[PDB]
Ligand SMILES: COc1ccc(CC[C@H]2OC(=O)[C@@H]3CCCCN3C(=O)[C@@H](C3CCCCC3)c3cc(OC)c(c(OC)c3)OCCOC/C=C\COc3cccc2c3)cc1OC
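In the form solved without the ligand, a lone chain appears below as structure tokens.
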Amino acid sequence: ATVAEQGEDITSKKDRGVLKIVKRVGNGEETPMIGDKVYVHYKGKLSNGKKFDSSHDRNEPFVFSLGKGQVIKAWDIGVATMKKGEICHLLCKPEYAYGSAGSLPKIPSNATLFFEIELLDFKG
């Protein structure tokens, strides 16, 4: 409800597909470029508030190459806006996440996802 009402629309289409609230400021003024390796911790919740995934259960950072579609669209878009050490909240419409297919059983069809994401590091 906070992110839905106060979050910044960081999509190009301005369709409110990805809404962002910074929770902890990062340290660099720098954000990752496309193709940079990004290292994140994250927690994801559905709209009933139920968890669906977290990097913290293994306590192992989630690692991906930014802007290569190795992750949901909301992450390629959101993580690009983050500074090293930043934590943000992202509210993600299904079009920018798992869509009508979902990711069953954990993620229903047409689910809006809520992520808390920490950008631990990134390297070009």
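One rule holds for the numbers: they count along the sequence shown, beginning at 1.
The same protein has a further form, the form solved in complex with the ligand, not shown here; the description that follows concerns it.
Student: Taking heavy atoms and a 4.5 Å cut-off, does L113 contact the ligand in the entry with it bound?
Tutor: Yes, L113 sits close enough to the ligand in the entry with it bound that at least one of its heavy atoms falls within 4.5 Å.
Student: Taking any heavy atom pair closer than or equal to 4.5 Å as contact, tell me whether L19 reaches the ligand in the entry with it bound.
Tutor: No - in the entry with it bound, heavy atoms of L19 and the ligand never come within 4.5 Å of each other.
Student: Should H89 be classed as touching the ligand in the entry with it bound when contacts are defined as heavy atoms within 4.5 Å?
Tutor: Looking in the entry with it bound, residue contacts with the ligand do not include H89, since no heavy atom lies within 4.5 Å.
Student: Does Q70 make contact with the ligand in the entry with it bound, using a 4.5 Å heavy atom cut-off?
Tutor: Answer yes; at least one heavy atom of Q70 falls within 4.5 Å of the ligand in the entry with it bound.
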